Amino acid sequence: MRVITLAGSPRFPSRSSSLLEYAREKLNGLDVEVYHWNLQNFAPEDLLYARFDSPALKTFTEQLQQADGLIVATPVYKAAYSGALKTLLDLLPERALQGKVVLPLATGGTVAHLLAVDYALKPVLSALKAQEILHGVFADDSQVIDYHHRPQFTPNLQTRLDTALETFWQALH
């Protein structure tokens, strides 16, 4: 019914955010209230100094609470998720994703770090008590032909995105 999408790259434009964009598009047809957030909606001072009286944190935290699902995207940095993304996750309440379906998306420079999603990001999402976590979609940088403007992907990436998004849509019932 409601879905939070969360872009986790500190950079803009972002290759991994182009994956969230295609997802957002897909849902915006199916009349689902999609609330999109990126790191630029928070004050860097709040995230870095772990400040829970953050006003932006509160609004986000509120909107998450009412969400049925989360789609979250990260670049791979040093074989794991972005630090930047993590600093926000660290401010969520202990059971923040209790009862929600979670779909993780990632882009990375090398195929050699495909496993960063399963080994690094999923356990954090799980510590936040995600009720179920989908297989997810990792894409190396060669899969994204264009993102500065409209996202363009190889049919392989697009198809895998499609499949995941279909599974997520079903799981939200």
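The first residue of the sequence shown is number 1, and the count goes up from there.
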Higher of the two mean Cα B-factors (141-149, 118-126; per PDB record) comes from 141-149
With respect to the recorded C-alpha B factors, which stretch has the higher mean value, 41-49 or 25-33? 25-33
Please pick out which of 70, 112, 106, 57 has the largest Cα B-factor as recorded in the entry. 57
For residue 92, the third of its chain by CA B-factor is the middle
